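Residues take their numbers from the sequence shown, with the count starting at 1. Numbering of ligands and ligand atoms starts at 1, following listing order. Side-chain atoms are counted along with the backbone in the values below, which use heavy atoms only and exclude waters and symmetry mates.
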Amino acid sequence: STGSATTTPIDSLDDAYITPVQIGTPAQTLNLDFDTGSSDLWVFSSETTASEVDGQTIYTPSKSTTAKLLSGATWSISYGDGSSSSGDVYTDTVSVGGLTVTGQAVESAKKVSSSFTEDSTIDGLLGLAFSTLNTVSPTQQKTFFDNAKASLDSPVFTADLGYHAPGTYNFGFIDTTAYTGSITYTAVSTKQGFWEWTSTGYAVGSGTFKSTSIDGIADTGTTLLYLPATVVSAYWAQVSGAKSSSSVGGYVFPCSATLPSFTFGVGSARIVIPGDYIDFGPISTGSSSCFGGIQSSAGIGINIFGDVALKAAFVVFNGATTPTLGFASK
Ligand SMILES: NCCNC(=O)c1cccs1
Ligand SMILES: NCCNC(=O)c1cccs1
């Protein structure tokens, strides 16, 4: 089997991407944030505290003939950005882009943190990291990809995120029309439950490439590119008037700037992030200070190849017995 779904930026900055997902019988379509950095599929629901719902579409398990309470199971998750959610669990039929899984754990939120409530465009998350990170207790649950894998034509999914445009998530096949050149594959560690890999180095603009190992995760659920402070300082040093602002919480730059590109290495291959991809717009409405798309990971404890990086590539998440990542230009 295969599936193919379009993913759409939630706003003009690409702060996140939403992908429609069919849950239940008859289908209830929710717009979920596909997150290769977490492993829970959770939704706003008829159980969510009413004051914490503001415009999201909810899953109502009592209206699905295939929904079953997963008795005793609860979940609770805290993300790296400080946001959180928790609740109970149903199993139900979940389809993405024509690919159906029966008996998928659908984690129903009873509580969500303010940043979820305040984002009316995201109806929940669909985790695509390794199932070892799933938070359901006392019986850990599998991701949608892990449940689908055996049925897929190839045990893979691909992320093709757009810059200020829609893109695609495919499951079970590699669309050879969607990228240029060849795909370079690189090793993955699953030891922390993430799609963790080692980049071979970086360049700033037309500068020389620096060969250096940068361990990090491929995380579609993180907006920005988070790298070591040395690398980030080298990038922003090429932008007149850029500075790290403790008050704003990262590097800012004059909105009048033309940003340089940023290149990262994948083995002997190179992915180029155009400068425009690194502009996240005014820090507040009407400001002439703009927020940078490359930020330090020093406060995180891991480097994160988020959407800024991933949207410059066609990315293969290879879930073979030994997982690997693939990157191609496009
Ligand atoms: N801070 C806004 C609410 N949190 C989110 O939208 C998340 C997306 C992916 C991981 S957390
Ligand atoms: N240098 C121009 C300031 N940047 C912007 O207005 C936007 C960034 C992303 C969408 S608009």
Find all atoms of ligand 2 within a distance of less than 4.0 Å from any non-hydrogen atom belonging to [X], and give their numbers and elements.
| X | answer |
| --- | --- |
| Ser12 | 10 (C) |
| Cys290 | 3 (C) |
| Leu13 | 8 (C), 9 (C), 10 (C) |

Single-linkage hydrophobic cluster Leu161~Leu13, side-chain heavy atoms < 4.5 angstrom: yes

Test ring pair (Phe, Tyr, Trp, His ring centres under 6.0 Å) applied to [X] - qualifying residues, sequence neighbours left out:
| X | result |
| --- | --- |
| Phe173 | none |
| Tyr226 | none |
| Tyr202 | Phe262 |

Taking the inter-plane angle between the rings of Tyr179 and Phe314 on a 0 to 90° scale, is it parallel (under 30°), tilted (30 to 60°) or perpendicular (over 60°)? tilted

Can you tell me how the ring of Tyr169 sits relative to the ring of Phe34, calling it parallel under 30°, perpendicular over 60° and tilted otherwise? tilted

Under 4.0 Å, heavy-atom basis, I'd like to know which part of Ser256 is in contact with ligand 2: side chain, backbone, both or neither. neither

N or O contact, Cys255 vs ligand 2, cut-off under 3.5 Å: yes

Neighbouring protein residues of ligand 1 - any heavy atom closer than 4.0 Å: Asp33, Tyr79, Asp81, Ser83, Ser115, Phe116, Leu125, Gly221

Give a yes or no on whether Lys210 atom NZ has more than 12 heavy-atom contacts from other residues, nucleotides or ligands under 6.0 Å away. no

Do you see a donor-acceptor pair shorter than 3.5 Å between the side chains of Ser108 and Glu47? yes

